[PDB]
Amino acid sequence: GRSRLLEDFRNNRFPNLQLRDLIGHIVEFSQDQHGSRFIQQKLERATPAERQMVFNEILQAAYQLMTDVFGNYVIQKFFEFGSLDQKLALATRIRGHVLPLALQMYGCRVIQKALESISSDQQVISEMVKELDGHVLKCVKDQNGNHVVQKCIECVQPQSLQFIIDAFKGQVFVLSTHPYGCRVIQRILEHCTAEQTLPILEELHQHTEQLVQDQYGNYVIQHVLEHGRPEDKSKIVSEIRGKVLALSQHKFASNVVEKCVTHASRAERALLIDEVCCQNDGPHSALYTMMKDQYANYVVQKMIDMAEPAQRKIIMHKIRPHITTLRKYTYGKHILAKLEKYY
């Protein structure tokens, strides 16, 4: 029940209350929205002895506060301003409960804060991460857990993350189309060794055609194009070749086509552009179609920018007579600019 002290504070009877005055009341106040903000505020100016006073009390109820809508911020504040002995002690209260905390709306914030606050080489940390072993996919798919998984990947030594990689075996296609899975996969590509990512990249190439057209998978494919090895980039480009026109008019895949134009080799880029500028499959010209498309106009712009003089000139000549046309379409109103300030 709400003690007099808290009632009084909430009624503004203590307009300049000091942290020291909360001895015995820290845990109660931490679970109150206003008491919690008060403690957060005072911790930023508190002396070390004053922080320790607050620490002693919060430590005793650490798990409870970690899963509290208002107390979890007080816990986080010590990961922010506490000394390492204090952080390690709090981490110890996370240990043994990593899974339920990871899936919990407030608990998951505390875990991420610990991961950012405590040196990865500290046993505690290692122990915490290992508790996710056997639950990786459940966390990846959880609205709270997925951020914990990402933060582990961002913060911990990649060798220790082999179980996460193994967990993804045969699941890379499905999870790259997942709102959180795609983010986790991108973190993996960023942080794990080329050794670890090899099987991940393999499964990505297996399903490139599908992933480039997916609302989330298109981002994973773009990541590889922007950050991956040349040989992986060339694999993605080869999947795009022969499909430029179609993919360029696609809300998601248009973006991948752009990154292909930017990040391919001079020679690969030329072949892609050639598919737009210099081929004749049927009556309607590809360039003409792409020019005034809501999405493909962006691809045409990237091609004009990245093209060697010869191809650039052909594109310009082919657009030239269609000025009046590009006029009516919202989407040609950047292509026309480049046309004018090229002629």
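When you see a residue number, it is the position in the sequence shown, counting from 1.
Do the CA atoms of 263-271 or those of 67-75 have the higher mean B-factor in the entry? On average, C-alpha B-factors are higher across 263-271.
Higher average CA B factor in the deposited record is what I'm after, so tell me if that's 175-183 or 240-248. Between 175-183 and 240-248, it is 240-248.
Could you check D142, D214, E231, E154 and tell me which one carries the biggest Cα B-factor in the deposited entry? If I rank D142, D214, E231, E154 by C-alpha B-factor, first place goes to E231.
Would you mind checking which of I58, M316, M303, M53 has the top Cα temperature factor in the PDB entry? Answer, based on the entry's C-alpha B-factors: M316.
Taking the values exactly as deposited, rank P158 by C-alpha B-factor within its chain and report the matching third: lowest, middle or highest. Tercile = highest for this residue's CA B-factor.
Within-chain third of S36 by Cα B-factor, per the entry: Middle third - that is where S36 ends up once the chain's C-alpha B-factors are sorted.
Quick one: classify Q222 as lowest, middle or highest third of the chain based on its Cα B-factor. CA B-factor rank for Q222: lowest third.
Splitting the chain's C-alpha B-factors into thirds, which one does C277 fall into? Within its chain, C277 is a highest-third residue by C-alpha B-factor, going by the deposited values.
Consider only the C-alpha atoms of the modelled residues in this chain, order them by B-factor as the entry records it, and name the third containing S83: lowest, middle or highest. Lowest third - that is where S83 ends up once the chain's C-alpha B-factors are sorted.
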